[PDB]
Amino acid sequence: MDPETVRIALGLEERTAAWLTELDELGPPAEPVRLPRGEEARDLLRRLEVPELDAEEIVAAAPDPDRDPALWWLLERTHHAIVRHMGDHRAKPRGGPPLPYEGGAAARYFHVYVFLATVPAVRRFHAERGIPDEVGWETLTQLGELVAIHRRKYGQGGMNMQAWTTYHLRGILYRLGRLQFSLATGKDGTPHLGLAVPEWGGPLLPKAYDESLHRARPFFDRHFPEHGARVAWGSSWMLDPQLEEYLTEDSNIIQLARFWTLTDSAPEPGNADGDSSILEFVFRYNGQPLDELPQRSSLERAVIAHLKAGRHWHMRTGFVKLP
């Protein structure tokens, strides 16, 4: 198959053509793609904390090379595009486009199949690096979270955070307790660790935050001694000082953000670019009228009140020195 046939068959937009050309030139992987199927797939999906409903649906719809040749072509090459950058934190997180849901469950769960096909490769990388098994598995369990989020957000099964899962699948992100850390470099090449906060695992209790920070240097200095980061960086809705108007002192976000040194300029008050981030993480927002959104927590109320007052939320960037 040629990439135009694939684009057309899958319903992908014209601006994906360059990506499909790139994948065409890359070609199939040296090790052919194997999807686990049946109970093997159920066992793997359960280990990845994929909810039972979604897992049953993923196994049932697992695509076939003969019956799904366009989708299969894309699966093979997308897998290859990830594994060619195993351990490479300088490569951009290009997981490929989402497939139109007119392709059914196979299209909806396309990037779950990518993930499942790439588990063996990343687990081999974990092993080569001396990563403890419990750490490697705990890292990959964010698949289950992301699957659960899609259903909460859109009402059916899926997983459309494939750009994010390229980090996990390239062996460049590790969950070390409550927080995740990624190998990263600044514009001047200086190593840092990118810090992120998965949804699952409960509130960001100061003791859980502090413990994760204490694990970072030891972990990366042992398994990735070539990196040698001394600071963690973050870009988040959570680092917006405007939250202090609305959240009390007992807020975990307020308490933890006080340790951070913000490095970006105070944003323009009219800049609305950060609104979508906070709406995603607080509401899994999907274009609904704002007065329909829940108001059970102080943050939910705060996000809506601030927007209703004609004001805007901003993602801010900063750092903390690693213990």
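One rule holds for the numbers: they count along the sequence shown, beginning at 1.
Here 251-259 and 292-300 are compared by their mean Cα B-factor, and 292-300 comes out higher.
Taking the PDB entry as given, 122-130 carries the higher mean Cα B factor of the two stretches 122-130 and 188-196. The residue among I278, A55, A61, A30 whose C-alpha carries the highest B-factor in the deposited model is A30. Sorting the modelled residues of the chain by their CA temperature factor places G155 in the highest third. Among all modelled residues in its chain, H223 ranks in the lowest third by Cα B-factor. Sorting the modelled residues of the chain by their CA temperature factor places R94 in the highest third. The entry lists a Cα temperature factor for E145 that places it in the lowest third of the chain's modelled residues. Among the modelled residues of its chain, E245 has a C-alpha B-factor that falls in the highest third, as given in the PDB entry.
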